[PDB]
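So the structure is just underneath, and the comments pick up after that.
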Amino acid sequence: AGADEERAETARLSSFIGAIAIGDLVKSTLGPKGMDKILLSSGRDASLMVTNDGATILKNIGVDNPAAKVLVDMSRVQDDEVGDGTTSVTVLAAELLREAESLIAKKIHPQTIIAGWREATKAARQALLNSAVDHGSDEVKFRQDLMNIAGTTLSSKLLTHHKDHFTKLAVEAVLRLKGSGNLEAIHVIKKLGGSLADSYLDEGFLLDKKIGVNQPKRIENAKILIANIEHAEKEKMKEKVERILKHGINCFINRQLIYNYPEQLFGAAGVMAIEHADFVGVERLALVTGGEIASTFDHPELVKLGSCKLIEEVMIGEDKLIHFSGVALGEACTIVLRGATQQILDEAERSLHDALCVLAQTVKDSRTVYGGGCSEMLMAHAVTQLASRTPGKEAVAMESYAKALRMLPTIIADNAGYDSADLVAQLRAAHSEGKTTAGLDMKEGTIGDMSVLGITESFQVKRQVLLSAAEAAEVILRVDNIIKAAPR
Amino acid sequence: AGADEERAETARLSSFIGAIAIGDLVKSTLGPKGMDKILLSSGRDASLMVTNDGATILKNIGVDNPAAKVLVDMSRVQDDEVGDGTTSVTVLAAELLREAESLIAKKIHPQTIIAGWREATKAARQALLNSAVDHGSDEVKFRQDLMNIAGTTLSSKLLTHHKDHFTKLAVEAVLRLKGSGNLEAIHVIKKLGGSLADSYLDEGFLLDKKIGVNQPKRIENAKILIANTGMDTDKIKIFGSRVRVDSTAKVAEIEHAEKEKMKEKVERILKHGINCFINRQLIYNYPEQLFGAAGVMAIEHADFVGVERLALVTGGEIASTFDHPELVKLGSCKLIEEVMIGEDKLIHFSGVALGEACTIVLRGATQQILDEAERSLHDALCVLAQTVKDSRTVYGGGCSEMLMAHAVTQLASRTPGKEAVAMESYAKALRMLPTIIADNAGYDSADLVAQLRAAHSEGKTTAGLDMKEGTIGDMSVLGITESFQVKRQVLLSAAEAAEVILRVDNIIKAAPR
Amino acid sequence: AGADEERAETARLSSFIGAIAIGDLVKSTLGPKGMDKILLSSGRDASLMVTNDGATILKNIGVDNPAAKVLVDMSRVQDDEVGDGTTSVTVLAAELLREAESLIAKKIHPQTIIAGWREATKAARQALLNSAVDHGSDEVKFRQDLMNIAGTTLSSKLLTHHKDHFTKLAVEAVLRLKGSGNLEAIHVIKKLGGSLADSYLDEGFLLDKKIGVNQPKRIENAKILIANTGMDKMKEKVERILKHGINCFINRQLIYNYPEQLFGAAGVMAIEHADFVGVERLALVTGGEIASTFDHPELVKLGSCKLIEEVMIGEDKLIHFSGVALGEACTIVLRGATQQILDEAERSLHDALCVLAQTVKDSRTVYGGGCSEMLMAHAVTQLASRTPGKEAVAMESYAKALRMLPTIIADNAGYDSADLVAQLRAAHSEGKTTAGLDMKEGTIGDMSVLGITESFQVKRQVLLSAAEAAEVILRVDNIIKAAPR
Amino acid sequence: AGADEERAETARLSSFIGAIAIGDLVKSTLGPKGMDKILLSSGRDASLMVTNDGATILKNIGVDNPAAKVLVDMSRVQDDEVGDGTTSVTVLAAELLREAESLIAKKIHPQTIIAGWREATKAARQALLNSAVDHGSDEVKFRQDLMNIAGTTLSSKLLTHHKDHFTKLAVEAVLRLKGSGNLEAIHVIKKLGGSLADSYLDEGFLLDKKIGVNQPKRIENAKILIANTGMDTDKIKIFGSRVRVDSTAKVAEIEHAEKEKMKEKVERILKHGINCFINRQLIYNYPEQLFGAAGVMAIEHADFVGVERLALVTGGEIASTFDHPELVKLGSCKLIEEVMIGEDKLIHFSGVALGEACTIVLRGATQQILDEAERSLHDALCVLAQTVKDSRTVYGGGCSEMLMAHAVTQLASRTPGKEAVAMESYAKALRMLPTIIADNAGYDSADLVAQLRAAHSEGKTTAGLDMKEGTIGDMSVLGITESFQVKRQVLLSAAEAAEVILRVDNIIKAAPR
C-alpha cells in the first residue's frame, strides 16, 4: 500500500493541528485592538504583505502538506454575500476540534457524535428565526443608513475614534451606487494630513501622478483626453496644440510613455498631461466620463467625451494627489480615507471594502441580526438545555457545539482592552434574560443596547458559516479508530 | 548476480512484512462506514490524492524497497473482469502469511504446503456455484437498474452522503454504453462547484477552453475540424538565418507569405460553413482575427485525449495539413456551444449521431472530500458495467465470506496428511475478513466474530455484518451485494498471489524501457 | 506565509531593545554640549557621513533585523511640519517602553493600559496652552526674532562658536518667507571660503558654474535663457540672441563649442551642464519659460532682470542670480573653516530653516531647554491619581517618562543630572514659565534671557506621534524589511 | 589484487566454496515442486531476468573471482547433445567436494582418490545399457509425442497446474520442425490475459509494430517486401555537403527530387499488388502518406532477427535497392493481419507455403509464473526432439540413480583399496539425488532415502520416487522417463569436470574483473 493514507486519529489529528495554527494569528485580528500582521516569506517572494483581513491572507498561501487550504477556500464564497464583519467564522470551527481529544476518551464510533452538526443545523436556523431583527432599510434612509454595521467592521479597527465618522461616509457612496448600475469602478486611497472630516468625498475618480513641476496648478470645466528633420517633430507639437486650443482641453491622460516636446506646450497652454498612467484607472474613468474612442492623434472633437465638473491637484497634507470629480453618470465613484499613518491604518482598506459588499446584499436580503455578538450568546443559552435532555452520545455532540459559540463574545472582548472572563460572565446573564437588543459594548467595557448604536449583521453571515464550518469538523468524525498520523 | 539474495525463511520475512503493512490501510476502507484518506507525496506530485479504492491507490505509487507492488498489480486484472465492489481481496492474502509462523513448528516440507494452493482452487467450490445469488438484469430495467450494488460500493465510501445519488446515475450511463461496441470513450470530469444533484450527465462530450474574448457565443449545424499540425508557420528545420532583406520591397515578400497562410484557412473554412475548430497544440495568432469575423469558434491547445474521444463521437477526422477540411474530415452536426455549468465556463459538444460514446460531469462543495468524487468515480464506473452484463451477484457485508469459512475448517481434518494442514491454514484466512469489516465500523470486533459465525452456520445467507447496526443483520434489506465475478477471480488471484509472497526476492518485468 | 513570528512577551522584547539602543546615540546629541557622530557604510555609500541631526542619519539606513525603521520614518513627517529644535522625541518614545517591565508586574491585559494614550489625547492641551507661556512672535518682531530657539537648536551642534551667529541670520529668512502661504522655494549650500560673518544672504538663487576662462564678468539688466535640449547652428543662435539683448544663457546639459566663441564677443555669459533641480526652482523664480528648441527665445521665454554676476567668495568663485521679482524663492549661503564640522552646518541648517517658517503661522512657542518638559510632568502626575484607575496606572507611567528629559539635557551639558533634575522641579512648580535648564550655568536659570524658545508645533505634534507610534509597537510584529532566515 | 594469500590445501577450499554456493540455488529447481528465481543486475543489463533453467543464468554472467564458470560453461555442450530435463549434474559435482574433509583425516594419497574418476567411467559404462530404455517414438506419433518427459521437465517447476497443458503443446511445434529443412525460425512470446488453456497456436510469425494511425486495419492475399537499405534518402555515396540552401526560393528544387522517390515506390508497388512492407531500419516520412492511400501496410524499424527468419518462411527475397520488387522477391500470399490477443496488440504473419518455420504464442493467467513459461518452453522444445532421435531412455524420478548407487557400493570394497577408496566416495555421491527429489517433493528426506533403496536393490527398475505419493512408486505408470543421452554424457563429462576442481584453485575468465 503506497502513499500517506490517513483517516481516523490520523486524519483528525492533521485536521486538529491545521486548525490550531490558524486560530492564533486570527484571534488577535478581531475587534478594536485587532492586530495587523505582515507576512514575509523567505524564498519565492520578495516583500511583506500587510493583511489583517483573515479572508485575504489565508487565500494567498498554501504553506503546508496538512489540510486547511480547502477550509480556507470557503470563506471567500461567504465574502460576496456578506463575508465580513470580523473574522470569527474560522476561529469557531477550530475550537470545535479541541473537544475531540476528549472524544478519544469516550472511545466509540464518533459518527453518532456527528449529531453535533445536526445540532449546528437547528442552532443555525434557530438564530435565523429567534430574537429581534431590523425592519428598517427603506432606501437612501435619512440616518439608519449607517453608523451601524460599518461601525462594527470598524470596531475591529483601532483607528475607530475619528474613523467611525468615515464609516458613516461609506453609505453615502452606496446610496449613489445602486439600481441599474453595477457595483463597478470604486476606488479608495488613504492620505497624509489632518482635518475634522479626515476624508473627502469625490464625485469622480482618484489618481496619483503629475506632469512635471511646470503646468497649471488645477483645471475647471475640464476636458479629458485618453490616448492608446527636427522641424518635422514640431509638426507633431503644433497639431496637438491646434486641436487642443479649440476644445479648451484641460487634462490629458496617457497609459504609456510621453514624449518631451508636448510637455513644454502643455505648461503654457494650461493643460495637464499624465505620463504612464495606469490602464486600470483609465477603464474605470471611461465609464465615469462617458467614454471615448482612443486611437491616433485624430482622437479629438466628439470621438472624445469629457465630463467637466472639476479636476484639481490638491495638497491634502503631505503628498500631492490629483482629484477628478463631478461625473454626470454617478455609477462609478471614489472615496478618500485619511489617518495617522500606520499598518493599522491599512486596516481601514479592509473595513470599507467590507462595508460596500454588505449593503449591496442588505437591501436584497431584507433581513439582519443584532451585531456585537448579541446573536451568538442567545443561541448558547438555548443549546445548553438541549445537550443534557437528549439521550446517548448524541448529547456529547450537542454539548460540544454549544460551547464553541462562547468564544465569539470572548474574542470580541479580548481585543477590546478589557478582561474576557468578567465579560463572558456578565454577558450571559443579559442574553438569558430574553433581552435581544442587548449585546457587547466595546466602548463602555460591558454590555448595552446596540440598537442605539445601530450595529447589525447581515442575514447571510449566520447561515453560510454554520453549515460550511462542517468541513473542519466532518474530517473529525468520519471515523476515530486511533492509529498513526504525522503531527506538526 | 546483483545481490539482494534471499531464500526460504529469510525470503519469507520480506514477504511477511509487506502483507501486514497493506492490511491496516485497506482494512479501514471496507463496509458502509469505510475510510477515505488524503495522500501527499511531495517533490514530483505537488497535490492531494485522497483514494477510497484500494486498487486505484495501490497502482499509482511504488513507495518502498520491500516487495508488494507486484501483488498489487494483479488486482487490476481482476478489476478488468469486475475486481471491485469493496476492496477485500488484498486482505485475505495478507493474513495467509501469519499461519506461516505456525508452519515452521510443523516440521514438514514447506513446499507441499504450497500444494495447499491447489486446495485454494478446491476452495473455489465453496464460493462458486454454492448458494443462490441473484435474479433480474432484464436490460434497461425499470428499478433494478441500480440502488443496489453501486450503493454498497459507495457505502464503504464517505462520498455516499450525497454520492449514493451519483451511484444511481452511473447505471444509466452503462445502459447507453452496452452493446457490441465493447467499452470506449466514456469521459467523466469533476467540477469546482455545483448543485444538490452533484452531477449533470451531459448529452455528449464536455471540454473546458475558449478561443478568446472576441468570437461568437454559439454555433449550430456545427462542423468540427481537428488538425495534427499546428496553425503556426515560420522557421522549419533550418532557419536559413534570422533575417533582414537587402532592400525595402523584398521584406514585403516574407510578410505577404503570412497573408497566404491566412487565405487558405478562410477560403476552405467558409465553404464548409465551419462552426468550430479544435487543434491539439499551439494556435497561430493571424487566423484568430479571421475566425472572430467569420463566426467560427476555435480551441487552442486542446488535449489530445479529449480530441481522440471526440473523433470517435463525431465520426472521425483525417488529420493532415490544411488540405484536411471537406470530406477527409467527418463532421457531426448538432450543437456545439460554450455554456456555464453553474460556475466555471465550459464548452459542450452534444447531439452525437453515433451515440456510442457519452460524458458524465460531477459537481461539489470544494474540499478534499470533493476530490473524493474523482477517485470514487473511477470506482463506480467499474462496478456498474460488470454488474448488468455478468447477471450474477453475491451477498455483501461479508455474508459470503463467513459461509465459506464454516465449510473450509471441516475440510482440513477430512483430508489425510499433506493436503490437510495446507488447506486448514487457507481456511482460517477467511476468519479475519469478518473482523476487518467490524473493526472499521467502530463497534467491538470480538463480539462480532462469535455472533456472526452462528448466523452463517445456521444457513441464512442473507444475514451478514451490519456496520450501521453495530451487530449482525439482514444484508438483503440494505441492498448490499457484491459482484459474482470478484469472488471467482479472487480465489484464483489469492492462490497465485499468496505464494508469490512466499517465494520472493524481487520479481520481474515492466516492458522494455 | 512563512516569516519570523513573535508575540506578546517576546515580540515586546525586540521592540524594547530597538528603543533603548537608539536613545543612547541620540541622547548625546541634545543641548549646547551635544556630541557629533560620524558613520561609514560600504556599497551604495561613497564617504563618511556625519550627522548631529538624528532624523537625517536614521532615515538613510536600515542597519539590522530588529524593528525600529517605521518609528524612525515617522519623525520626518513631523520635520516638514517642524521636527527639529533638538532631537528629543525619539528619546521620549524609547523610555515609555521601560514601564512595560512594570506592565508584566500588573499581570493582566496590556491593551487596557493603552487607554493612557487616550489620556495623552487629553494632553497636547495641558502641556502647552495652559501651564507655560510665551507671548510674542507677533509678526516680524523687533528683537524676539532670534537669539533664541536657533541658538538651542545649534546648541546640540559643536558649530556653535561662529555658528550661533549663523543661527541669528536664519530668522531674517522667515520674515521674507511669511505672508504668501507656504514653504517650497528655499535653497541652502555651504562654501569652502572663510569670513567672520560666515554667511551671505542672497536675494535670489546661488549656482556654482562658469562659461569658460573667457567672457565678460558682469551682466546688466540681465535676461535669462534656459534650454531643455543641448547646443550639441551658430547664426541661428546669434540672430535670435542679439535682438533680446541676452545677458546670460543656462543649459541643463552638454554645450557645443562653436556657440561659446560667439557668446564671448557678444557679451553674453552662458552656463554649461547646469543641474535640472536648480533650473526648476529658477523657473518659478524668474516667471518660467518653455525650454524648447532654438525657437525658444522671445515670448516663449521669460526673463527676470536685476543682477547676475560672478563674485568670488572667500577662495572659490560663484555665480549669483539675484533680484527675483516673485520673491517666493530665496537662497542661503553658508561658509566656514572647512571640516566635517562644517558639513555639520548642512545638518544644522535643516533644523533651523523649517522652524522659522512655522513660527510665524503658529503664533505660539514654548520656552526651550526643557522648560516645557518638566512643567508638563508636574501637571500629569496629578492626573493619574484623579482618574479612577485603569486609565490611571497607564497615565501615571506616561507622566514619569517626562522625568528623563531633564536628566538627558543635563547629562549632555557636563553637570550632575540628578542635582539638575532636583533643582529644576522646584522652579517649574513655583509658577515661573521662563525658568528652565541652563546647561552653561550648570543649574536652573531664566531661559528667556539667553533667548531659547521652542516652536509650539513641535510639542503638540510630538505628543500625538510619540504616543500613537509607541502603542503600534506592542501589537505589531515582523515590521516591514527583507528579514531572510 | 597481488597476492591472494591462499596455500596448497586452502587452494582446494576455493574450489570447495564455489561448489557449496551453487548447489543451494539450483537445489530448489529440481523435482515436481520447484521454486523460480529472479535476478536483478546493474551494469550492461536491463530489468530483472528470471531463470528456472540453471544452465541459462550461470552461462550469462561472470559474477565473481572463485572458480566455477569453466565447470558451468561445460553444461551447454551437454545441452546441444541433450541438456535440459532438470538441472541435476551441477548439484552432484558440488557434493563430491564435501567428502574432501573426510579425506584429510584419510592420511592417504589424494591422487589415488582421483582414480575414482577413472572408474567414474564405470558409472558411464554401467548406467548405460543395464537400466530401463525407450524404443518407440516412430515420428509425429499419436500419443507418445508428449504427456511424458516434458511433463517431468515441468515437474521440477511448480507451474505444473495450468502449465502441464502448455508442455504438451510444445511437441506439436517439434513435429512441424522435423524433416530435411533445418533448425530455423522459432519464436515465443507471452500475453497478460487469463484463459484456462493459457495458450494459442499461431500458424505464422508474431511481431509488434505498425505503420501509423492511418492505413487499412488488415490485408489479404498479401505480398511482402523486405529492404536491406532504408527508405531515407539524402546522404548517397557522396554527401554533397551538409548545406541546405541560401534562402527559401531555391528550396523548391530540392523538394521536387523527393517527389520522384515517392513516385518510384508507388509505380512498382501497384503492379505487384503489395499488401505489406517490412524494413529493418528507419523509414522515410514521405512514403508513409502514399502507403495509407494505396492500402498497403508497412513496418518501421522491424527487428532483423525476425526478418531473416521470415525470409526462409515467405520463400525469400533478394534485398537491395528499390529495384528489389516483382520477380527478384518471392512472397507468400495467405493472410497478414494485426490481431489483438484479447489484450496486448501484435501483428501476425500466417499461411506460409514452406511450412518449414513456425512460431508459438503463449498466454498467461496472471503472474511471474508465466514468464516461467518462457523458461519452461525452452526446456520442453529441446527434450522431445532428443527422445525421438536417441531411441533410448532411462527411468526418471531418480529411479536410475538409486540402482546405480547399489551397484557402485559393492565394487569399491571388493577391489584393491588403492582403487577402492576412490570408487567408494563416488558411490555415496549418487545418494543425494534421491534426497533432493524427495526434498522438493514434500516428505521427510530421512524416511524417503531409506524406503527408496530397498525397492531398487530388490530388482525393479520401474520403481522410483513418487513425489505426489511422498513414497516410492512405479515410475512407468506416470510416464516419466529420462533421455538416455542425458545420462550417457553426464557421467563422462562430470568425471573430467570434477577433476579440474580439487587440484586447481584461483582460476577465472577474463581480466577487468
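Please note that chains go A, B, ... in the order of the C-alpha cells, that every chain numbers its residues from 1, and that ligands are numbered from 1 in the order shown.
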
- Counting only C-alpha atoms, collect the residues of chain B whose closest atom lies at most 7 Å from chain A, and write them out as a list in words. residues 22, 25, 35, 36, 37, 38, 39, 40, 41, 57, 58, 61, 62, 63, 366, 367, 368, 442 and 443 of chain B

- Message: Just want the 8 Å neighbourhood of range 333-342 of chain A, counted on only C-alpha atoms, with same-chain residues fewer than 6 positions away dropped. Output as a list in words.
- Response: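 That gives residues 159, 166, 170, 173, 177, 185, 186, 187, 188, 189, 190, 191, 192, 193, 194, 198, 199, 200, 201, 202, 203, 204, 205, 206 and 288 of chain A; 472 of chain C.
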
Looking only at the backbone, which of the residues in range 229-476 of chain A does DSSP tag as strand (DSSP E or B), as a short mmCIF file (atom, residue, chain, number, x, y, z; two decimals) with C-alpha atoms, in the first residue's frame?
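As written to disk, result_25.cif reads:
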data_model
loop_
_atom_site.label_atom_id
_atom_site.label_comp_id
_atom_site.auth_asym_id
_atom_site.auth_seq_id
_atom_site.Cartn_x
_atom_site.Cartn_y
_atom_site.Cartn_z
CA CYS A 251 -6.32 67.42 -18.96
CA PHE A 252 -4.62 64.63 -20.89
CA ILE A 253 -4.16 61.10 -19.51
CA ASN A 254 -1.81 58.66 -21.25
CA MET A 272 -2.35 68.93 -17.58
CA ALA A 273 -0.93 65.66 -19.04
CA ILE A 274 -0.17 62.36 -17.24
CA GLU A 292 -14.12 57.98 -25.69
CA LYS A 304 -13.70 62.04 -27.23
CA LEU A 310 -13.86 69.81 -11.57
CA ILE A 311 -10.31 68.39 -11.95
CA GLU A 312 -7.68 69.58 -9.49
CA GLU A 313 -4.41 68.63 -7.88
CA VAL A 314 -4.84 69.30 -4.17
CA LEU A 321 -2.56 63.95 -5.34
CA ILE A 322 -4.94 64.58 -8.26
CA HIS A 323 -8.73 64.75 -7.83
CA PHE A 324 -11.25 64.01 -10.56
CA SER A 325 -14.84 64.79 -9.57
CA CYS A 333 -17.26 56.79 -7.62
CA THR A 334 -14.18 57.25 -5.39
CA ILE A 335 -13.78 57.67 -1.59
CA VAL A 336 -10.64 59.13 0.02
CA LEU A 337 -9.68 57.98 3.53
CA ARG A 338 -7.25 59.69 5.95
CA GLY A 339 -5.38 58.56 9.08
CA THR A 368 -30.42 41.15 9.58
CA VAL A 369 -29.47 40.08 13.13
CA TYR A 370 -28.02 42.12 16.03
CA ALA A 438 -28.53 44.00 24.45
CA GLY A 439 -25.04 42.95 23.36
CA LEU A 440 -21.33 43.62 23.85
CA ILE A 447 -23.00 45.31 27.74
CA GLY A 448 -25.54 47.72 26.29
CA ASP A 449 -28.29 48.32 23.75
CA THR A 456 -26.46 44.92 12.79
CA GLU A 457 -25.14 41.86 10.99
CA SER A 458 -26.39 40.81 7.58
#

- Can you check the Cα RMSD once chain B has been least-squares fitted onto chain D over every paired atom, in order?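 That comparison of chain D with chain B gives 2.3 Å.
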
Residue list for chain B near chain D as a PDB file with C-alpha atoms, in the first residue's frame, 8 Å, only C-alpha atoms:
ATOM      1  CA  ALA B   1      24.259 -11.831  -9.914  1.00  0.00           C
ATOM      2  CA  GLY B   2      23.173  -8.487  -8.464  1.00  0.00           C
ATOM      3  CA  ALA B   3      22.986  -9.060  -4.637  1.00  0.00           C
ATOM      4  CA  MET B  74      -2.662  -8.455 -10.054  1.00  0.00           C
ATOM      5  CA  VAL B  77      -6.589  -7.761 -13.981  1.00  0.00           C
ATOM      6  CA  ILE B 108       7.255 -30.993   7.450  1.00  0.00           C
ATOM      7  CA  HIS B 109       8.311 -29.921   3.997  1.00  0.00           C
ATOM      8  CA  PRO B 110       7.275 -26.250   3.474  1.00  0.00           C
ATOM      9  CA  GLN B 111       6.863 -26.566  -0.309  1.00  0.00           C
ATOM     10  CA  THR B 112       3.916 -29.089  -0.317  1.00  0.00           C
ATOM     11  CA  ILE B 113       2.183 -26.628   1.906  1.00  0.00           C
ATOM     12  CA  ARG B 118      -4.323 -26.106  -5.405  1.00  0.00           C
ATOM     13  CA  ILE B 238      16.734  25.054 -40.712  1.00  0.00           C
ATOM     14  CA  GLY B 240      18.143  29.911 -43.056  1.00  0.00           C
ATOM     15  CA  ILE B 318      -8.172  12.545 -41.229  1.00  0.00           C
ATOM     16  CA  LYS B 418      -0.065 -33.453   3.334  1.00  0.00           C
ATOM     17  CA  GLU B 496      -1.178 -17.290  -7.290  1.00  0.00           C
ATOM     18  CA  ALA B 497      -0.518 -14.036  -5.334  1.00  0.00           C
ATOM     19  CA  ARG B 503       8.967 -17.291  -2.810  1.00  0.00           C
ATOM     20  CA  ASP B 505      13.245 -11.635  -3.594  1.00  0.00           C
ATOM     21  CA  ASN B 506      12.328  -9.057  -6.366  1.00  0.00           C
ATOM     22  CA  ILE B 507      10.026 -10.126  -9.253  1.00  0.00           C
ATOM     23  CA  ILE B 508      10.311  -9.312 -12.962  1.00  0.00           C
ATOM     24  CA  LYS B 509       9.017  -7.376 -15.972  1.00  0.00           C
ATOM     25  CA  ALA B 510       7.684  -3.920 -16.783  1.00  0.00           C
ATOM     26  CA  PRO B 512      11.485  -2.831 -22.189  1.00  0.00           C
TER      27      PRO B 512
END

- Item | All alpha helix (DSSP H) positions in range 331-466 of chain B, as a PyMOL selection string | chain B and resi 368-390+399-414+418-441+445-458

- Task: For residue 395 in chain D, list every protein, DNA or RNA residue within 7 Å, evaluated using only C-alpha atoms, and leave out those in the same chain fewer than 6 positions away; present the list as a list in words.
- Result: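 Within the cut-off, the hits are residues 132, 462, 475, 480, 481 and 482 of chain D.
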
- Message: Taking only C-alpha atoms into account and nothing else, which residues of chain C lie no more than 7 Å away from chain A? Please answer as a count of residues only.
- Response: 17

How close does each residue of range 181-262 of chain C get to range 342-360 of chain C, giving the shortest atom pair and distance in Å to one decimal for every residue with an atom at most 10 Å away, counting only C-alpha atoms, sorted by chain and residue number, as a tab-separated table?
residue	atom	partner	partner_atom	distance
C:181	CA	C:357	CA	10.0
C:182	CA	C:357	CA	8.3
C:183	CA	C:357	CA	7.2
C:186	CA	C:353	CA	8.6
C:187	CA	C:353	CA	9.8
C:188	CA	C:349	CA	8.1
C:189	CA	C:346	CA	7.5
C:190	CA	C:346	CA	7.0
C:191	CA	C:342	CA	9.0
C:192	CA	C:342	CA	8.9
